[PDB]
Amino acid sequence: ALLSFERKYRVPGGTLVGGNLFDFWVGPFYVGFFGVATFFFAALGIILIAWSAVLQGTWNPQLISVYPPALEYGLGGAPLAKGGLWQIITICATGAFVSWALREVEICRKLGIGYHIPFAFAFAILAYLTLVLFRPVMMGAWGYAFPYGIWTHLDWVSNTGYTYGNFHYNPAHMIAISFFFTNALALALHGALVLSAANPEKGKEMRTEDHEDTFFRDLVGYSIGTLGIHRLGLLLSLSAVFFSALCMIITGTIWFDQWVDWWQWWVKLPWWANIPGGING
Amino acid sequence: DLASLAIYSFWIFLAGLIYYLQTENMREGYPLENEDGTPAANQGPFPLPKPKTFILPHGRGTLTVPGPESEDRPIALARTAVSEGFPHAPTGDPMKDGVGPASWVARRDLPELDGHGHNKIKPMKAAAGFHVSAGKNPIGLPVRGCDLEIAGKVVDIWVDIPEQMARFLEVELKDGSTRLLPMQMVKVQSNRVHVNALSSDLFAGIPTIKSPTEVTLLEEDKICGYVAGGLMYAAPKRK
Amino acid sequence: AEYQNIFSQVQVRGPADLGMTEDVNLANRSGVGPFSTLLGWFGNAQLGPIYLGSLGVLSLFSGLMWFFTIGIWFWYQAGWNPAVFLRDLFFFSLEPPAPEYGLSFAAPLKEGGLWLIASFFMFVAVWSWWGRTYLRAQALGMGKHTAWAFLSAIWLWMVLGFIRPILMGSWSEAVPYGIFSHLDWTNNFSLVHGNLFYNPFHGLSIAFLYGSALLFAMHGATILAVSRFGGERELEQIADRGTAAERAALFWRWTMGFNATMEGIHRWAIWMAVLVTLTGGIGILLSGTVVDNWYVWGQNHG
Ligand code: BCL
Ligand code: BCL
Ligand code: BCL
Ligand code: BCL
Ligand SMILES: CC[C@H]1c2cc3[nH]c4c(c3C)C(=O)[C@H](C(=O)OC)c4c3nc(cc4[nH]c(cc(n2)[C@@H]1C)c(C(C)=O)c4C)[C@@H](C)[C@@H]3CCC(=O)OC/C=C(\C)CCC[C@H](C)CCC[C@H](C)CCCC(C)C
Ligand SMILES: CC[C@H]1c2cc3[nH]c4c(c3C)C(=O)[C@H](C(=O)OC)c4c3nc(cc4[nH]c(cc(n2)[C@@H]1C)c(C(C)=O)c4C)[C@@H](C)[C@@H]3CCC(=O)OC/C=C(\C)CCC[C@H](C)CCC[C@H](C)CCCC(C)C
Ligand SMILES: COC(C)(C)C/C=C/C(C)=C/C=C/C(C)=C/C=C/C(C)=C\C=C\C=C(C)\C=C\C=C(/C)CC/C=C(\C)CCC=C(C)C
Ligand SMILES: CCCCCCCCCCCC[N+](C)(C)[O-]
Ligand SMILES: CCCCCCCCCCCC[N+](C)(C)[O-]
Ligand SMILES: CCCCCCCCCCCC[N+](C)(C)[O-]
Ligand SMILES: CCCCCCCCCCCC[N+](C)(C)[O-]
Ligand SMILES: [Fe+3]
């Protein structure tokens, strides 16, 4: 149940709430107050989803789906069978995630490390909260949120998308894709670099971080270095989810027309608006 | 049809990949133990990988993992309960005994060498051509602890030569002796360098290096260990 | 506010680094370029030296030819008018030869011949840069990981513009060169194959893309959190595990019940990323060759 080096780290302390009450492990898992909070919130949510499954008449996970209140109910409550089960599960999900982040902060404190991980997780929590809370509230109904089903949530993506034409043309959505594609380029490279250094040819000695920098300078005339590539990855990632949240918080609220047509601010600039030729004249 | 063969094939590939990946990540720390250091009964479903051997550069030898796991040091901790899963209390001074957030591991007592074979981390005085090229130069600045007293003054920056990066500040105490603080644990301000982790009276306790122009991997681990452990243990002296 | 280590507090410059020698022909390495104080707050300041052998220059010539061929066409469409060129920049497009010409090289330039020309150029550019990626590693004695990983990116590219156009018997199946037009193609593609959300490879590609942002967020943040024990010195932490590696492993074990090693996390990382374009290229390759409609296929898998 313990890694060979683990015992020296399993000391008392670091908890945020409750003192030594919940200061222990179950197998490998740390508990803490927020470990208890996570189980509670997760069990409730799972029970509500099972109970939402009986009202629907399937126990097939590819079919099960928990829909928001329809637009008619606005930002108010709804009867469980048609809206309220979602609204409560959403509270139970939010409760599971925030609790989970805060549980990571307690694990951080006992291990004497920085808080970068909880901090990064809170960006994912924020993207979720944009779709199920922030954008719904700004729009005027929980019904604009997305449904908890495996394929039904994909349907919501497709229909929300096409409500605005080809959703490619959301300019904040363009930026977010860039970071996503770039963050994966970077992850492929970082992993390949370290492994090619750690695992050289045949009976060659283990290469060094100098060889890693040489290799990249050889290749593209620059190398960012080990502290740098880890600062980069954290940044591309967190940036991708930042612009994701952005592209949705503006869709349906400040812009609600076809996204392709927004790009006419550029083409109708008076300097070139009328000049003949091209595509737009 | 072709597409159904492909997806079914993929799922089987992915399972062998996850298996390969998980056994790869078992080359350290395993086998699992009970809190008394004996081999635990349930190891889980994955077997240990066949050992692999790194040929270390610079004639430093060989590493084979997985291999015999031992701490190679005393752990000053004692059980607080009769069953598995509870905290193990420090039996002395956790800072001094090197437990908890103050843990270090017995790494080799040589310094890290760069690609060419030279010490990776030098003081800047012995680092030919290296200079502070941006930001406030910390050298000459007083150093403050988390109790708002002064503990020392910065006499040099120890640099990573290949990374071209500041890793430590060398600090002089009332003794006239010096210590290393890690860059990552200090706030370089305009009139001072501030240290949140440690209070002034704990600076004397920082592990000293045995030779004043190089640090070893063992000494780096004891120093970084000691000052991170202060965030927890020096906290009856913070705010 | 404790120091978070996202930007350096103090930069430090020394003699320009000319790198390891091993087996590299130094005749081809350029001179160290300038030093960027800007870059240096985040990463290395040295814009130091790039190697340029025979493959490197073949790559850079082909790459510029591709870039210029599309550009002169963009001007032809703009009527050589600089204002229109800048106005309609995202709207211009170099389109493939129409379905009539099939897989032939006999189309007029003002009807897809320029497309073939640019594509030939991009083709040599990419494979020569791949060979460069392999050779640069062998000179240094390092494993071929970066080359293998790059092959996976090449796979998707290879399928979108070459392999799948050939299995369909037409160059008109390939992607046009244009900002807005290559987007319209993408949207059109899903529509014509019965919605790609039903392609089980597309959804796997998505999981890996998402998982890459998850993993790198996890890893990057983890190395920063244990950079106070010299975590970023990953290769030495591989040969001689320190408390950085242990605390990192232990955070995750106490969170989710399992953990990686310092080497092992990079095996997770290369694969998560690699499987993005690997699964993606299979899902595109099958689209229109074997499956006409992913809705239909999904209804009765077969
Ligand atoms: C899913 C695969 C689809 C596809 C779907 C999309 C979608 C959807 C989007 C893009 C986007 C992009 N695509 Mg595409 N794209 C495909 C195949 C390609 C290929 C190719 C295979 O050779 C190329 C060269 C491109 C190139 C491009 C860039 C113009 C842009 C950013 C890429 C990036 O972030 O790289 C990261 C790494 C690099 C090293 C970048 C270097 C390449 C240069 C050309 C990028 C310039 C970016 C620019 C400065 C900022 C964005 C544009 C501004 C908002 C105006 N695509 C196929 C057809 N592509 C995004 C876009 O913003 O387009 C307008 C976007 O939303
Ligand atoms: C993110 C922007 C859009 C969206 C667009 C898409 C698109 C587009 C696709 C998915 C796909 C997926 N989505 Mg989605 N999805 C959204 C929000 C979510 C949220 C949420 C915010 O809570 C969840 C839990 C998911 C979860 C999922 C997975 C079922 C699936 C695999 C992706 C993945 O590998 O993640 C990366 C993370 C990891 C690899 C870590 C492991 C995470 C695992 C896989 C989570 C599965 C849990 C799931 C079965 C729910 C269990 C709940 C209770 C425990 C019972 N999506 C919103 C609405 N999603 C893909 C799919 O395959 O469709 C079915 C797909 O094509
Ligand atoms: C037909 C579809 C439309 C379209 C409509 C939309 C719409 C509408 C949306 C996007 C969104 C996104 N689009 Mg789009 N999009 C299209 C085509 C594309 C293309 C392309 C063509 O190549 C690409 C690459 C993208 C890419 C993207 C991303 C930028 C973004 C999703 C990432 C995200 O938000 O993560 C964010 C991550 C999360 C929310 C996950 C949070 C996870 C939480 C915190 C924890 C889960 C715990 C879990 C339950 C535990 C389970 C595991 C165990 C059981 C414990 N789109 C076309 C034009 N797109 C989405 C977006 O931007 O969201 C803001 C969005 O809603
Ligand atoms: C309306 C749009 C359709 C749709 C149609 C498509 C199509 C069509 C495709 C994808 C593909 C992808 N889509 Mg989709 N997609 C939709 C909705 C989504 C959503 C969502 C709504 O949330 C998401 C998250 C995604 C996500 C994704 C990615 C997982 C995947 C591309 C991976 C990649 O990294 O390519 C980026 C990488 C590359 C293109 C390879 C680049 C390699 C080359 C060698 C690099 C360029 C070199 C060159 C010489 C230039 C260098 C110089 C520079 C110019 C400076 N799609 C809907 C259903 N999607 C692709 C796929 O994989 O299908 C399964 C695909 O082709
Ligand atoms: C910066 C954002 C990026 C990122 C980072 C990130 N995610 C993280 C972290 C970080 C830094 C962690 O520390 C944490 C982690 O522990 O990883 C292993 C985590 C995590 N990211 C996860 C998933 C995840 N992250 C995602 C995305 C992203 N995470 C981005 C790429 C996605 C996407 C792309 O969709 C998913 C699916 C988890 C593995 C984990 C958090 C686990 C957790 O919060 O546990 C508490 C909750 C439960 C045990 C279950 C609660 C269940 C609910 C009560 C009911 C179900 C509600 C739900 C809405 C159902 C919806 C299902 C349908 C949509 C199919
Ligand atoms: C698993 C796939 C993922 C990935 C991985 C990946 N890509 C890779 C690699 C890997 C592992 C490499 O090793 C290789 C690389 O070289 O990395 C730096 C590469 C690479 N991925 C690239 C791009 C790229 N990869 C992409 C995607 C992906 N790559 C995925 C995220 C995309 C997308 C998102 O579409 C892009 C845009 C290149 C940077 C590089 C390969 C470069 C190449 O082959 O081109 C040859 C050379 C030229 C075309 C030169 C001409 C360039 C310009 C047209 C002219 C301008 C430059 C000129 C020098 C003048 C400058 C003047 C300025 C004022 C403009
Ligand atoms: C400023 O003024 C100048 C002069 C600089 C000109 C300006 C340049 C401009 C405006 C350049 C703009 C170019 C753009 C925006 C290009 C955009 C491309 C995009 C967005 C996507 C690219 C996708 C294309 C792919 C997937 C192509 C794949 C190609 C292959 C797989 C190879 C295909 C090869 C063919 C068919 C030939 C085969 C031949 C043989 C003999 C093997
Ligand atoms: C989704 C992957 C979860 C991996 C967690 C693996 C933990 C295994 C712990 C087994 C020992 C027993 N336990 C849970 C009773 O304490
Ligand atoms: C279970 C049947 C076998 C399925 C295929 C398994 C694929 C394993 C992928 C990892 C191989 C790794 N490698 C090349 C480093 O050895
Ligand atoms: C995408 C997630 C894949 C998870 C694969 C399964 C990981 C569980 C492995 C547990 C091994 C460890 N343990 C606790 C027994 O030591
Ligand atoms: C269809 C072509 C796909 C090419 C994929 C090549 C696999 C490379 C996998 C990453 C490098 C792996 N490693 C360490 C096992 O060698
Ligand atoms: Fe790393």
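Values below: all heavy atoms of this structure, side chains included; hydrogens, waters and symmetry mates excluded. Note on naming: letters A, B, ... go to the chains in the order of the sequence lines (proteins, then strands), and numbering restarts at 1 for each one. Atoms within a ligand are numbered from 1 in the order they appear, just like the ligands themselves.
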Are any of the protein's heavy atoms under 4.0 angstrom from atom 53 (C) of ligand 3, yes or no? no

Where on A:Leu131 is there a heavy atom closer than 4.0 Å to ligand 3, on the side chain, on the backbone, on both, or on neither? side chain

Quiz question for you: does at least one protein heavy atom lie closer than 4.0 Å to atom 1 (C) of ligand 11? yes

Under 4.0 Å from one or more heavy atoms of C:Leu278, ligand 11 contributes atoms 3 (C)

Any non-hydrogen protein atom less than 4.0 Å away from atom 65 (C) of ligand 3: yes

Which class fits the ring pair A:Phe123 and A:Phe119: parallel under 30°, tilted 30 to 60°, perpendicular over 60°? tilted

Indicate whether atom 47 (C) of ligand 3 is within a distance of less than 4.0 angstrom of some protein heavy atom. yes

When you measure from atom 6 (C) of ligand 9 to every protein heavy atom, which one gives the shortest distance, and what is it? B:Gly16 CA, 3.8 Å

Structural part of A:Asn166 in contact with ligand 3, heavy atom criterion under 4.0 angstrom: side chain

Quick note on ligand 3: atoms under 4.0 Å from a heavy atom of A:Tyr128 include exactly 39 (C)

Measure the distance from atom 7 (C) of ligand 9 to every protein heavy atom, then report the residue, atom name and distance (to 0.1 Å) of the closest one. B:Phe13 CD1, 3.7 Å

Can you find a protein heavy atom closer to atom 36 (C) of ligand 3 than 4.0 Å? yes

Over 60° means perpendicular and under 30° means parallel, so classify the ring planes of A:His173 and A:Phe167, tilted if in between. perpendicular

Got a protein heavy atom sitting under 4.0 Å from atom 13 (N) of ligand 3? yes

I'd like to check which ligand 3 atoms, numbered from 1 as shown, lie under 4.0 Å from a non-hydrogen atom of A:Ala176. 29 (C)

Could you measure the distance from the NE2 atom of C:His145 to the NE2 atom of C:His266? Nearest 0.5 Å is fine. 12.0 Å

Parallel, tilted or perpendicular: which describes the rings of A:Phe97 and A:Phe121, with under 30° parallel and over 60° perpendicular? perpendicular

Can you tell me how the ring of C:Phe180 sits relative to the ring of C:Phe91, calling it parallel under 30°, perpendicular over 60° and tilted otherwise? perpendicular

Heavy atoms only, cut-off 4.0 Å: how does A:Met248 contact ligand 3, side chain, backbone, both, or neither? side chain

C:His145 and ligand 11 - part of the residue with a heavy-atom distance under 4.0 Å: side chain

Any idea which part of A:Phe97 is under 4.0 Å from ligand 3, heavy-atom wise: side chain, backbone, both or neither? side chain

At a non-hydrogen distance cut-off of under 4.0 Å, which region of A:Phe180 contacts ligand 3 (side chain, backbone, both, or neither)? side chain

Sub-4.0 Å protein heavy atom next to atom 40 (C) of ligand 3: no

May I ask you to decide if the ring planes of A:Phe146 and A:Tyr128 are parallel, tilted or perpendicular, using 30° and 60° as cut-offs? perpendicular

With a 4.0 Å heavy-atom cut-off (strictly under), which part of A:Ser244 contacts ligand 3: side chain, backbone, both or neither? both

Looking only at protein heavy atoms, identify the closest one to atom 16 (O) of ligand 9 and say how far it is in Å. B:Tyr20 CE1, 4.3 Å

Given the side-chain rings of A:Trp86 and A:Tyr148, with only the six-membered ring counted for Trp, is the space between their centroids under 6.0 Å? yes

Check A:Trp156 against ligand 3 and report side chain, backbone, both or neither, counting heavy atoms closer than 4.0 Å. side chain

Does A:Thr208 form a side chain to side chain donor-acceptor pair (under 3.5 Å) with A:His211? I'd like the steps, not just the answer. CA-CA 5 Å; A:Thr208 68; A:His211 294 85; 2.8 Å; yes

Under a 4.0 Å heavy-atom limit, does A:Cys247 contact ligand 3 with its side chain, its backbone, both, or neither? side chain

Do me a favour and list the nearest non-hydrogen protein atom to atom 4 (C) of ligand 9 with residue, atom name and distance? B:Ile12 O, 4.0 Å

Could you label the plane-to-plane angle of the C:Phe162 and C:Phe123 rings as parallel, tilted or perpendicular, counting under 30° as parallel and over 60° as perpendicular? tilted

